[PDB]
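Just the one chain here, the form deposited in one PDB entry, laid out as structure tokens.
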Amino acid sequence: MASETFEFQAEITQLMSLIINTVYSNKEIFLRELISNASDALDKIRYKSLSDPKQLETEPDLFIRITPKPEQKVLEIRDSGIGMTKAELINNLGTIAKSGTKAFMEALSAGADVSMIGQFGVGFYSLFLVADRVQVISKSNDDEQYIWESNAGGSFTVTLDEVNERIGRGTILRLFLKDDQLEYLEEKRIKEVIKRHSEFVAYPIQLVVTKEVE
């Protein structure tokens, strides 16, 4: 199909503009937030499967997978968690997506460290520390695969997905990294960031590395 365009709730647009523009030092913290969200989605599908085991069959493996795509300056973070339907992507990432958004911004003004973002329920938006564009590609058992896309402007698009690999079930965050943040494409940097901030994750974290054979 065509893309549909949606307006963000005003506090969300304010949160994003602030973060995409910040000179804050500790940007690496975006990866902890995206692994935590990935781990929550995997919790929800595992929890859901307790009474409905067939929900697992669209993707029996439970994992988080990180894929640097250095040639496109993209970093992907995939999970096989519960995924979001079209209406979920629309509601959860932007149109309500509310709640701690304004509390967080107020805490920032008073000097809170950008790293509390997650305790306010809005750590998804920390991706704009290292990316100036994101596509969230998601497949819920309840809906077709969709793409939600934002560039931290006041509106986002949602498009039926006829261009990306089929996710059996779950979500890919595809981060279009800023030119100064290309370090997050490097295998050593990634590992160091995960060991530091994500020690207790119930699910395997996989890193997809491309090496020339010689």
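Note that residue numbering begins at 1 and tracks the sequence as displayed. Here the rigid core means the biggest group of C-alpha atoms that line up within 1.5 Å when the two forms are laid on top of each other. Shifts are known only where both forms have a C-alpha.
The form deposited in another entry is left out here; the points below concern that form.
Checking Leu108 here: with the core superposed, does its CA move 2 Å or more between this form and the one not shown? For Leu108, whose C-alpha is compared between this form and the one not shown after core superposition, the shift is 2 Å or more.
Is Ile66 one of the residues whose Cα moves 2 Å or more between this form and the one not shown, with the core superposed? Moves: no, less than 2 Å.
Take the rigid core as the frame of reference and indicate whether the C-alpha of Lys48 shifts by 2 Å or more between this form and the one not shown. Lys48: C-alpha displaced by less than 2 Å between this form and the one not shown.
Say whether the C-alpha atoms of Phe156 and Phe120 sit closer together or farther apart in the other entry than in the form shown here, given that their separation changes by 3 Å or more. More distant in the other entry, by 3 Å or more.
Did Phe156 and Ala97 drift closer or farther in the other entry, going by a CA distance change of 3 angstroms or more? Closer: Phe156 and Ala97 approach by 3 Å or more in the other entry.
I need the moving stretches between this form and the one not shown: superpose on the rigid core, then report runs of 3+ consecutive residues where each CA shifts by 2 Å or more, in sequence order. These are the shifted runs between this form and the one not shown: 27-37, 94-122, 188-199.
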